[PDB]
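Peer 1: here are the coordinates; sequence isn't available:
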Ligand SMILES: [Zn+2]
């Protein structure tokens, strides 16, 4: 639906449990364990192995064409490695415990540039509607209970067309930006 | 053609033998919180506490809505193979459920894809139906019976013309004796689910429900006393009388009506009591007061006081 | 509009007051019950006649679609 | 033969629906009558 | 010998359709006996031995292995049902338990009056030999975790059935106020497994209940009042009035009447 | 998991086909075949890729490796992709040399598939060949000789009308 | 009422509201099953007999609408609580706008109600904050005064 991926930085590991505790106060059933994985290449391009879409592969660029491809798309990359530079620097995978709250599907996990685990990522995908930017007002007030005093003002992924489909693809663009900041610093 | 009819009977038997085999394997192999029993040719099962399903192949009570559905339901299972959906609109692609092949590459969710693949086979698709075919009867007979038993207000049921298996739609218009226009009041859309019924009340309240017949009958009776109280309010709006304190709930509802000497009334499912106030009050009993039915007697009483 | 209703709600009140007083001594309300119940049954039977001919008409075509098979 | 047989199934269904349609309106008018029954 | 061949061949055909993994067949020619191993997931073993006799180690004139297996397993299950009834006799000497004879059943009511919905229908499969108990409520996940635990050992139904009685009371209260305007909820964040409801109207007032098991099956609950002194002694007087006068319906009479009085009292407080 | 296909091709005259369509339809199990119209491309960086659009299914692309018995086998990995792939592969750097649409009918089997079609050249559709082509593409992970053998029996059944061999 | 009259009334409905789009498939016998899309926010399928609606299944824009073919598949409820609540509210609100005398107004009365739902997720309620106790936005519009207060709000 519509999501606001962000990072909320001592005791980084303790932050997830404390942050989860704040989520637990609201009350959300543990309905699974999400696992989002990112891969990196030279010419660049990223393939985002995302959870909750077991088939989709979500190949993407910095700002350009994005295609949704089934799980077999990965087999092309490994076999196509000859002409490209596969697994160029490091693969960043963020796995966390899914906390779906009364149709909000809000999840928080520690991003682990294997095995460092230096960051925290919050997934707040709001399933109901695809219309996102002219509907952004809803997500903020859900956030304000979850996190404290540092709500992300806007995700910035929205180009604000007259009629706006969002879908799942542009979320992976949002994930990349969070990963870009994590990779850039520490 | 004599040879034709002889062959047709054989084909029906071979198909029928398959149907029982499909049920018979499914019943014991898998469990769905129900104690299926297997006998020579009878697969005895207990979908409800008060129901017994005798799906019994008979070689040489009959609903014929459940029986026929087996023959047709099997074909859908047979159809799922070697169908036109399997083949890919793109010439080059592996054979696969068309809706499935477009699901993976279009980023469908973890839950929807799992739900589609979780088809229940045969026995669950019929037990759940018989789990609704008769739950409908227990909710249909009660509504039919309730109209005859209680004559004071008139239950009215407008049954929907499109009620597919696993669901049925209801209309309920609880109006008094004949005062349809002056007094139109609570009308609930009851929904007959597979396991439990579902109603949505007139005012907006939603009641999930129980599955037992007795629980439904109680709900209508509780809504019974509520309407008679609402009849007071509707008359207050249209009669020269003016409203006073209202108490929609507490089961029993009590309403008070002002007059330009007031009558304040408490009608629960077991109370049905009402009063005249003068100026300190005394009870009123209808068994001696006005005639046909409740609202007319209530309307006349107000036309007797003012 | 408010004058309309109150003067009318007073008018029916007078007649309604008569009704109960007119219910007691005469048998007319019982007589009207005789007619209303008779009319209700007559309407019931008329609905039946509408039912049967339509039901019989459908019975014919369904049989006709069977003889053709 | 598969073509001609499919028409019969579609043909009877079309008439079959109309039976259900007309019964729906006939049932609806009748259904009201039973509940309208006064004093019984 | 021919009869044994028919039973074995009939059994093999039977295995193809039913009891594919549930029953294993072992044929013996030296002793001229055939054995069927029903309930392979764990004990009962049925053996035909050559008059012709059947020996069970937990009347075949019908020569129907399917029917005979059903009768033998049905008899074994009923014995398994009887043993559990004796275990349920453990918690309470005065305990209401019923076993249906048409098909295996251990429908046992939990708390004082039943409606055939609170009774958990503990019936064991005559084909897989595993204990299955179903209740109308108790969200499925709780049902599966329990039924899984009790299945292996019988003694574990005695602890859990203790908590079901707690759950039925907790579930019972929610149903009664379900038509009243309220928001029923379980444990809540705070600024014996008590449950409470917060009214939609006048939200700043809460109504709470705490329950205990005084006699064997029945549970008694004491109504409490903790809203986030005024309208307290009057409620205590109301409690005495209720005592002087089902129990869940007594709850419903108590909730709504309070919900009507408090806003009226709140208006009085605002006036004064 | 990666699968390599078993396919081998042949062509059929126009007058011939009218018998072939009835021959194939009866011989294999199916109901009321479908006319498949797809518009295929080829992409070169050497890593020859084929992306096919069919007239509302998603763009299905496939790669065939170099051939590795009575059959022609090359490693294949076919992946379904959403729309706007063509511009995606433009940003990749791949260049499109030619594109051709294919028209015809395809019949199935237990595993193998038969598709009869004619190659249309695009500038605007023109018939590159007057005779259709038929192949017996079979997809099976961890290819073994057993799967290929079954094709030999079926090909022998179809031998009279059209004799087909891999190239 | 005549089958042709049903199409004219609903065709007239589409004209008033630009955002709403109505599709008349009529798969079953002379019982229009119009489908209404509220711009991009949500979809809905309503079954009606002889121009008297009796059901409303408010499926969100994300969720699919058909099953295996043009078959409308009215029954399948929404997978989200928010649209489930609207389904009940649409199921209940449909009734309150029923005038037995006139068939034209009831349909129009229901649509202006549905038209008021285009602003879902974006309008606070007059009583409390946009977002309520549970995970539902307003999901409740008054029949006469078009308020935004929630299900728990009165
Ligand atoms: Zn609110």
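Peer 2: Arrived safely, thanks for sending. Residues are numbered from 1 along each chain as shown, chains lettered A, B, ... in the order given.

Peer 1: need the contact list for the residue of chain D found nearest chain B.
Peer 2: Of all residues in chain D, residue D:24 sits closest to chain B, at 3.7 Å by C-beta to the nearest C-beta. Any C-beta I mention is one placed from the backbone N, CA and C, and that applies to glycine too. By C-beta atoms under 8 Å, 6 or more residues apart in numbering or on different chains, residue D:24 lies in contact with B:161, G:49.

Peer 1: State whether it is indeed within a strand.
Peer 2: No - counting by DSSP: H, G, I helix; E, B strand; the rest coil, residue D:24 falls outside a strand, being helix.

Peer 1: what about the longest helix in chain C?
Peer 2: Scanning chain C for the helix with the most residues, using DSSP state H, yields helix C:28-68.

Peer 1: Contact partners for the residue of the stretch 201-306 of chain B found nearest chain D?
Peer 2: When scored by C-beta to the nearest C-beta, the stretch 201-306 of chain B has residue B:292 as its residue closest to chain D, at 8.2 Å. By C-beta under 8 Å, 6+ apart, the contact set of residue B:292 is residue B:177.

Peer 1: Does residue E:194 touch residue E:210 like I think?
Peer 2: Yes - counting by C-beta atoms under 8 Å, residue E:194 touches residue E:210, with 4.4 Å between them.

Peer 1: re the thing from before, so how far is the longest helix of chain C from its chain's centroid?
Peer 2: How far helix C:28-68 lies from its chain's middle: 14 Å, per C-alpha atoms, centre = their mean, to the nearest Å.

Peer 1: re earlier: kindly point out which residues are neighbours of both of residue E:194 and residue E:210.
Peer 2: Residues touching both residue E:194 and residue E:210 by C-beta under 8 Å, 6+ apart: residue E:224.

Peer 1: Chain A contacts on the stretch 1-150 of chain E?
Peer 2: Contacts of the stretch 1-150 of chain E with chain A, taken as C-beta under 8 Å from any C-beta of the partner chain, are absent.

Peer 1: pretty sure residue F:98 belongs to a strand, no?
Peer 2: Yes - assessed with three-state DSSP, residue F:98 lies in a strand.

Peer 1: helix, strand or coil for the nearest residue to it once chain neighbours are set aside?
Peer 2: Distances taken as C-beta to C-beta, 6 or more residues apart in numbering or on different chains put residue F:42 closest to residue F:98, at 6.3 Å, once the chain neighbours are dropped. Recorded secondary structure, residue F:42: strand (three-state DSSP).

Peer 1: Roughly how far does residue F:42 sit from residue A:91?
Peer 2: Residue F:42 sits 31 Å away from residue A:91, going by C-beta to C-beta, to the nearest Å.

Peer 1: Just give me the neighbour total for residue D:21.
Peer 2: The local packing of residue D:21 (other C-beta atoms under 10 Å in any protein chain shown) involves 18 other residues.

Peer 1: which SS state does the residue of the stretch 201-306 of chain B closest to chain D fall under?
Peer 2: Under three-state DSSP, residue B:292 comes out as coil.

Peer 1: Can you pull the residues of chain D lying near chain B?
Peer 2: So chain D meets chain B at D:20-21, D:24, D:27-28, D:31-32, D:34-36, D:38-40 (C-beta under 8 Å from any C-beta).

Peer 1: among these, which ones are buried?
Peer 2: D:21, D:24, D:28, D:35 (16 or more other C-beta atoms under 10 Å in any protein chain shown).

Peer 1: How much space separates the residue nearest to residue G:3 when sequence neighbours are not counted from residue D:26?
Peer 2: The shortest distance from residue G:3 to any non-neighbouring residue, by C-beta to C-beta, 6+ apart, is to residue G:30 (4.8 Å). Separation of residue G:30 from residue D:26 (C-beta to C-beta) stands at 14 Å.

Peer 1: same question, residue G:117
Peer 2: Plainly put, residue G:117 is 36 Å away from residue D:26 if you go by C-beta to C-beta.

Peer 1: Kindly report the same for residue E:34.
Peer 2: 64 Å.

Peer 1: higher neighbour count, those two?
Peer 2: Per other C-beta under 10 Å, whichever of residue E:34 and residue D:26 has more neighbours is residue E:34, with 22 against 16.

Peer 1: does that one really touch residue E:12, like I thought?
Peer 2: No - counting by C-beta under 8 Å, residue E:34 stays clear of residue E:12, with 11.0 Å between them.

Peer 1: Now the terminal residues of stretch A:65-75, how far apart.
Peer 2: By C-alpha to C-alpha, to the nearest Å, the extent of stretch A:65-75 from end to end equals 20 Å.

Peer 1: Show residues contacting that stretch.
Peer 2: Contacts for stretch A:65-75 (C-beta under 8 Å, 6+ apart): A:47, A:49, A:54-60, A:168-170, A:172-173, B:104-107, F:1-2, F:77-82, F:84-85, F:87-88, F:90-91.

Peer 1: Let's see that with 6 Å instead.
Peer 2: Residues outside stretch A:65-75 that contact it (C-beta atoms under 6 Å, 6 or more residues apart in numbering or on different chains) are A:55-57, A:59-60, A:169, B:104-105, B:107, F:2, F:77, F:79-82, F:84-85, F:87-88, F:91.

Peer 1: which residue packs closest to the closest residue to chain A within the stretch 51-200 of chain E, ignoring adjacent ones?
Peer 2: In the stretch 51-200 of chain E, the residue that lies nearest chain A is residue E:189 (5.1 Å; C-beta to the nearest C-beta). Excluding the flanking residues, the one nearest residue E:189 by C-beta to C-beta, 6+ apart is residue A:25, at 5.1 Å.

Peer 1: Please, which helix or strand holds the one residue in chain G that gets nearest to chain E?
Peer 2: Using C-beta to the nearest C-beta, the single residue of chain G nearest to chain E is residue G:152, 5.1 Å away. Secondary structure from DSSP states H and E places residue G:152 outside every helix and strand.

Peer 1: For the chain, which segments count as strands?
Peer 2: If you meant another chain, say so; for now it's chain A. Ranges of strands in chain A, per DSSP state E, are A:29-32, A:35-40, A:46-49, A:59-60, A:92-100, A:106-112, A:121-123.

Peer 1: please go with chain G instead
Peer 2: Applying DSSP E to chain G gives strands spanning G:20-23, G:35-38, G:42-45.

Peer 1: about what we covered before: out of the buried ones among the residues of chain D next to chain B, which sit inside helices?
Peer 2: If you go by DSSP H, these have D:21, D:24, D:28, D:35 in helices.

Peer 1: Alongside chain G, which residues does chain D contribute?
Peer 2: Proximity of chain D to chain G (C-beta under 6 Å from any C-beta of the partner chain) is limited to residues D:17, D:21.

Peer 1: Nearest residue to residue 105 in space, please, no chain neighbours.
Peer 2: No chain in the question, so chain A it is. residue A:125 (5.2 Å).

Peer 1: um, chain F though
Peer 2: In space, and not counting its chain neighbours, residue F:105 is closest to residue F:33: 4.9 Å by C-beta to C-beta, 6+ apart.
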